[PDB]
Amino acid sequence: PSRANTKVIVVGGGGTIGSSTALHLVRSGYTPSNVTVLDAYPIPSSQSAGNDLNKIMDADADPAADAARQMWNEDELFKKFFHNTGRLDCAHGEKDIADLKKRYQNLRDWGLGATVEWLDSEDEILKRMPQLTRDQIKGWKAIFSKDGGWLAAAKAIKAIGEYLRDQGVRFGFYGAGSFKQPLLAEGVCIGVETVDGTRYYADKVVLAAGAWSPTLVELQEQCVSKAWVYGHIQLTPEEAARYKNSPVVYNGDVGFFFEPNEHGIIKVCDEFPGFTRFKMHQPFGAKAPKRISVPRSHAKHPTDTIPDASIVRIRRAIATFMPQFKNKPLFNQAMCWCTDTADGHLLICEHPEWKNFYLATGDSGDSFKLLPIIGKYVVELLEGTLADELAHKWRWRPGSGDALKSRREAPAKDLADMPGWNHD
């Protein structure tokens, strides 16, 4: 078929890469009624890693991230969800400071020197963030990124879902949206079947199932799914007013926090290598069950919280960043799932055996900032127009390294070994 006549199913279309793909199909002139978004949960999916009050907009010298940054500034659908507060990337101790100097030097060497400034003392840091405590940031240096800030993530995906609804995109959710298998005819994918038995037929299928991708089809451990954690504190209107338009504050050895949302709520994250949840599971294409990391979904198990070890790290972030708030209860604790490749690059490729089935995953914990742009690259993959360098960087690559460690400091620990999260 031609493009007005091409049917495409986006599996995981309630999440980050999937909603972006559906948007870029519509914007590229695919007929909205020929696009079907399938998700386990209605857009924005309650288990999407993008279903979050906030994410950091930390675009670097990377072409895709920079193209995304421009859309967060200029695109009429997205721009209202980007808060250009700036970002403090803070470092403490001999090794982290040396790595921050080098990151700074690299950004100068890459021609972003005008967007960033080196803060060489605590006085320089308190100038940009006077709500910090001088005592707790003794010896800290920072890169202040003027271009940075934070993204109203769940609101941005919701806004894509409302736009797609109004265009006449087709939806299937719950049993009617939860992918079970591809429909294959002589090695060609011609649609999908969901858990309730519903079949959808299309010319092309995109698997944008995030941390669920390696659970749904055999990916030969090129993606390993891991959880990260957050909790919330509630500020009085007077407390929240002191933090209005605060930059994002990050320290790789502490974690990070955001300015309060419109309800006075501050989200706090630690910084760590993520948690697996290994269990026996048989993805489509696997000859028998395998021990793989299967997300433990907060949407399916809303009584779940986070490990005790995670609460302690978040309390330490609050004690370091916001000592006056050590007494506030930490609430709406949740695990948030991503999938790492060995090299931390995306997995955006045609399936090597199932023609017209495409992977769009490998988010590796840092892809929410790509929400505006990433579906453009997926449409280019479907159309055969993706740049060779990106076709290689995002290629099918089992056996290319250990995704349990990936490019992080250590192999992820497992939730089986981390008490405090399960309240069943």
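Don't overthink the numbering: it's just position in the shown sequence, from 1.
- Remark: stretch with higher mean C-alpha B factor among 55-63 and 382-390 is 55-63.
- Averaged over Cα atoms, the B-factor as recorded in the entry is higher for 131-139 than for the other of 131-139 and 69-77.
- Residue-level inspection of the entry shows that, of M322, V192, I160, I306, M322 has the top Cα B-factor.
- Within the selection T276, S246, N332, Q222, the deposited Cα B-factor values reach their highest point at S246.
- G187: CA B factor lies in the highest third for its chain, per the PDB record.
- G399: CA B factor in the highest third of modelled residues in this chain (values from the PDB entry).
- For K155, the recorded CA temperature factor ranks within the lowest third of the chain's modelled residues.
- Ranked by Cα temperature factor within the chain, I233 sits in the middle third according to the deposited record.
- Among the modelled residues of its chain, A4 has a C-alpha B-factor that falls in the highest third according to the deposited record.
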